[PDB]
Amino acid sequence: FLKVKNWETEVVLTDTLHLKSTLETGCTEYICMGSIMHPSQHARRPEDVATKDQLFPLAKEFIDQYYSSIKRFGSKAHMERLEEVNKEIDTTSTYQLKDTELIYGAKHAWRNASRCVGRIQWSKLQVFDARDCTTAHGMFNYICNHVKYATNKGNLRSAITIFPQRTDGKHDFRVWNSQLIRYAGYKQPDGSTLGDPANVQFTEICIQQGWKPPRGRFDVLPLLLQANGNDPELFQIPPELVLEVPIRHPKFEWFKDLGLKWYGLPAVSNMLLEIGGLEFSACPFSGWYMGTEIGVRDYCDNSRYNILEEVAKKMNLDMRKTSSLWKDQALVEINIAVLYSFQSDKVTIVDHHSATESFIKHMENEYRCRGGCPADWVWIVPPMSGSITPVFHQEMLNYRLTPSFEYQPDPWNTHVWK
Amino acid sequence: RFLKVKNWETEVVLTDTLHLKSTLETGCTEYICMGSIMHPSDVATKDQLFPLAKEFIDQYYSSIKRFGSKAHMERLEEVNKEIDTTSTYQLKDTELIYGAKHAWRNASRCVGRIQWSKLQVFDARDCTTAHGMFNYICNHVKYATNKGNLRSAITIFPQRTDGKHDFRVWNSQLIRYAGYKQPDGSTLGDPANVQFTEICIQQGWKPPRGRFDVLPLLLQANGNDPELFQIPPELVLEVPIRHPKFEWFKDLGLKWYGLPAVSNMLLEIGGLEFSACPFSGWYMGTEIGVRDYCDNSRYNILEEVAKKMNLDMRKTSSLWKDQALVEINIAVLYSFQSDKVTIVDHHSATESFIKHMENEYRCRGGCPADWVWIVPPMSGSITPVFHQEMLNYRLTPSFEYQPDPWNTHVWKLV
Ligand code: HEM
Ligand code: HEM
Ligand SMILES: Cc1cc(N)nc(CCCN2CCC(F)(F)CC2)c1
Ligand SMILES: Cc1cc(N)nc(CCCN2CCC(F)(F)CC2)c1
Ligand SMILES: C[C@H](O)[C@H](O)[C@H]1CNc2nc(N)[nH]c(=O)c2N1
Ligand SMILES: C[C@H](O)[C@H](O)[C@H]1CNc2nc(N)[nH]c(=O)c2N1
Ligand SMILES: [Zn+2]
């Protein structure tokens with residue numbers, strides 16, 4: 001057993017769930033790697049098509065967990081399912097999940113995501129089974145339906161669309177975009193960057209593939225979709241499906257003249273979903289924003305839109321020295337504007353005070369019913385005003401449970417073109 | 001073996017080899033990370049002390065480029081004699097200074113370590129009574145305060161012997177404000193110090209019962225009962241807090257003390273334990289402006305400031321707390337700078353820490369750093385440390401936490 005304490009409330013929780021952790025964290029009793037982005041390469045199954053003794057134990061573990069979850073461990077259906085999975089692996093080197101298992105696996109991958117502050121919502125996830133997809137055109141159709149469903153005219157709904165699992169590693173389905181909706185970035189001749197600097201490389205691949213860039217500050221990128229290991233294909237998302245919020249400020253009438261906007265739907269498309277040894281390399285999922293993701297990171301990171309200087313100028317702050325806290329002062333006003341703007345357009349958004357309070361409640365729920373909740377303090381604490389949120393004062397234990405979402409390489413680093 | 005850390009803002013990659021020198025526990029395991037746990041988890045025998053002493057003497061003679069020398073070998077022989085005959089040993093003055101500086105250098109939770117080699121070390125190992133401790137501490141406060149031009153310093157009292165004769169400063173810091181619980185459930189002064197305030201009162205302290213009463217010193221020598229002393233008021237430098245634009249801010253009546261002086265930690269050098277070792281530097285503004293003033297469990301002034309700012313406090317999404325938090329921290333920095341009392345803002349402090357970290361990697365092979373503590377409690381991602389991967393491990397000499405003395409002390413009077 002392990003205890004975590006909240007230093008504000010003195011609430012103490014006792015963790016037993018960590019006994020079921022599967023993968024290394026990267027830490028040891030002599031070194032802590034808690035602030036490393038990718039601390040571990042420990043995987044549950046090796047590189048490509050596993051042998052029977054490598055895959056079946058992982059499948060058995062997941063099926064056991066699923067049938068335990070529904071109070072049917074050792075039931076007739078449980079033992080038949082094991083026999084069935086055994087024959088599938090025997091004859092195809094893989095196996096196929098039932099619809100119920102796929103849904104259970106996706107929801108638990110979200111429930112197990114230690115870096116996600118939004119998990120109080122984990123059981124309210126709409127799962128779209130796209131495992132019958134065969135072409136990039138079919139992927140585009142599935143993604144359009146996902147975006148329209150999840151956007152829901154601003155009343156956002158969490159969703160995941162799951163394309164065919166990896167087979168041999170040469171027939172991967174991939175969304176080359178990091179998110180379904182991102183803005184292009186362009187290297188300028190004078191050395192600067194127009195648009196989102198984070199997407200410069202992906203933007204160049206799109207242009208190189210035939211995309212005609214309008215070369216503005218907020219150009220929605222095309223989709224670059226790879227089916228069954230083939231070369232990726234470009235598609236324009238119909239603009240009526242792309243909900244955007246123009247950013248204005250409730251007090252500063254000049255703020256609108258900065259010309260800022262953002263999109264409403266955060267839709268991660270570069271991660272891998274791992275369920276029982278199966279690897280779903282294309283599994284775009286979406287929820288709704290916490291305001292700081294846009295107002296602190298997207299807008300104010302030095303390597304992103306980097307707007308602090310512009311905003312502080314318009315505010316007439318003393319920008320001569322750091323100790324005037326002009327960056328901090330502008331940072332708050334920018335984040336007021338983002339929240340005010342989404343709320344004014346009735347687009348779902350959560351501020352970091354409400355989000356972190358919900359997460360503390362979610363932790364307490366999980367310790368009561370599940371005996372723990374894996375949580376990564378470095379990622380859960382918001383990137384502004386940290387200690388005036390309750391999660392700053394909350395001790396957390398981090399460990400890796402399966403099913404899970406994993407990072408994977410960018411496909412342009414691995415794809416051999418045809 | 002090597003380990004790489006990356007900065008995701010700059011893409012600089014640093015290579016850590018120094019971590020191979022750790023041999024004490026982080027608290028984590030191969031399958032669980034406890035990096036956000038505040039405290040993960042009588043005296044050394046002869047056999048335990050031998051290898052600890054050797055490792056320290058070895059590293060000291062290596063630092064002065066005398067490893068393997070005649071002097072090195074004779075020092076090791078001398079140390080082993082003392083352990084064999086007395087069950088402990090005594091550091092040379094050079095070794096004490098080196099060890100104190102390196103405990104600071106090794107403090108993975110400290111963002112101010114670019115200053116580590118400029119530490120003034122006061123050797124107080126000849127002290128025998130609480131009155132002598134009081135004298136040493138007054139001299140430290142006066143030296144460190146230096147009329148506002150603060151200088152880092154540490155004063156080292158005699159090491160633990162059998163654990164029954166410990167020297168302890170019972171205060172958590174040398175200068176702190178009292179807190180008083182009221183019958184109606186409210187608190188006057190600093191809520192963090194209510195418990196220590198009660199102990200002082202019970203020992204005979206007559207409290208003024210104000211909002212900013214400087215606490216007396218409660219000093220324990222040689223395992224005896226602790227004794228009360230009033231710090232001479234002219235040695236306590238304080239800064240009234242005002243704001244460069246809001247003339248009403250001074251009406252809040254806020255002030256703080258200039259000298260941050262930690263007195264409840266333990267200094268370990270070569271297996272020796274210095275249970276009383278108060279040390280001091282200068283403040284980073286957020287320590288006062290974010291934590292001391294705006295923690296819900298501390299002075300908790302966000303509401304009053306947001307009121308006077310005419311902020312909309314009905315909804316969290318107005319970010320009224322965030323807005324008030326920034327102005328309070330502007331006031332703290334402005335006030336200290338106007339009074340010419342050393343202070344550093346979190347932007348300057350984290351920039352210097354990154355420079356320090358890179359230098360340490362280049363010349364030492366690494367820099368143990370605790371991201372959870374290094375990143376400031378406000379505006380985290382607009383400081384460079386937020387984007388810097390770090391490795392946390394325990395090197396010795398080190399500063400350690402220890403139990404509060406009133407939880408272990410067995411009283412003697414009547
Ligand atoms: C419903 C509202 C949601 C909110 C407010 C939310 C919030 C967040 C935030 C703020 C982060 C940190 C992201 C960053 O700093 O870049 C995060 C990470 C994460 N979220 Fe959630 N999230 C939500 C829904 C979801 C859903 C539906 C899923 C999956 C089905 C999910 C899976 C994850 C994962 C795996 C991570 C960490 C991996 C990574 O981003 O590198 N989240 N979340
Ligand atoms: C010179 C200016 C210094 C600055 C600006 C500075 C800054 C800081 C800050 C902001 C913290 C976190 C404190 C907290 O959040 O409660 C810290 C922790 C720490 N500091 Fe430094 N510090 C300085 C000097 C020193 C000195 C002189 C020593 C010892 C010789 C020292 C040893 C430590 C240790 C051991 C910790 C972590 C242990 C703990 O506080 O729980 N620091 N420092
Ligand atoms: C579903 C969702 C909701 C939300 N509110 N925010 C996010 C942001 C995730 C950002 N995360 C960055 C690292 C990565 F790119 F590798 C994977 C995605 C996702
Ligand atoms: C020397 C110094 C300088 C500075 N600028 N700030 C500090 C703050 C240390 C706070 N830390 C809290 C936990 C503890 F009480 F156990 C030990 C002290 C210390
Ligand atoms: C639970 C969490 O570890 C705790 O609140 C820590 C977070 N980081 C901190 N960082 C600093 N500098 N000081 C602190 O007291 C804390 N508290
Ligand atoms: C190195 C460090 O871990 C890295 O900058 C992390 C810090 N915490 C974070 N937290 C969130 N939510 N998102 C991030 O991208 C990061 N980046
Ligand atoms: Zn760890």
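Lettering of chains follows the sequences in order, A, B, ..., and the numbering in each one begins at 1.
Interface residue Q337(B): only side-chain heavy atoms are found under 4.5 Å from chain A. For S385(A), the parts lying near chain B are the backbone and the side chain together; criterion is any non-hydrogen pair under 4.5 Å. Interface residue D345(B): only side-chain heavy atoms are found under 4.5 Å from chain A. Looking at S317(B), both its backbone and its side chain come within 4.5 Å of chain A, counting heavy atoms on both sides. Looking at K21(B), there are no atoms closer than 4.5 Å to chain A (heavy atoms on both sides), in backbone or side chain. Of the two parts of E333(A), only the side chain, counted from C-beta on, holds a non-hydrogen atom closer than 4.5 Å to a non-hydrogen atom of chain B. With a 4.5 angstrom heavy-atom cutoff, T22(A) touches chain B only via backbone atoms. If you measure heavy-atom distances from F392(A) to chain B, the contacts under 4.5 Å come from the side chain alone. With a 4.5 angstrom heavy-atom cutoff, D370(B) does not touch chain A via any of its atoms. Within the 4.5 angstrom heavy-atom criterion, only side-chain atoms of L339(A), from C-beta onward, approach chain B. Residue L325(B) touches chain A through its side chain alone, counting heavy-atom pairs closer than 4.5 Å. Heavy atoms closer than 4.5 Å to chain B are found nowhere in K5(A), neither backbone nor side chain. For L23(A), the part lying near chain B is the backbone, with the side chain staying farther off; criterion is any non-hydrogen pair under 4.5 Å.
Across all non-hydrogen atoms, the minimal contact from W377(A) to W371(B) is CZ3-CZ3, 4.1 Å.
A donor-acceptor pair is defined here as one N or O able to donate and one able to accept, closer than 3.5 Å; no such pair exists between the side chain of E9(B) and the backbone of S303(A).
Here CG of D328(A) is found 9.5 Å from OG1 of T383(B). Values are rounded to the nearest 0.5 Å. From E25(B), atom CD reaches atom CD1 of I31(A) across 14.5 Å, with rounding to the nearest 0.5 Å.
Atom NZ of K245(B) has 12 or fewer neighbouring heavy atoms from other residues, nucleotides or ligands inside a 6.0 Å radius. Summarising the local packing, NZ of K308(B) is surrounded by 12 or fewer heavy atoms from other residues, nucleotides or ligands at distances under 6.0 Å.
Ranked by non-hydrogen atom pairs under 4.5 Å with chain A, the options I37(B), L3(B), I330(B) are led by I37(B). The greatest number of non-hydrogen atom pairs below 4.5 Å with chain B, out of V378(A), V296(A), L397(A), is found for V378(A).
Neither side chain, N296(B) nor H393(A), offers a donor N or O lying under 3.5 Å from an acceptor on the other.
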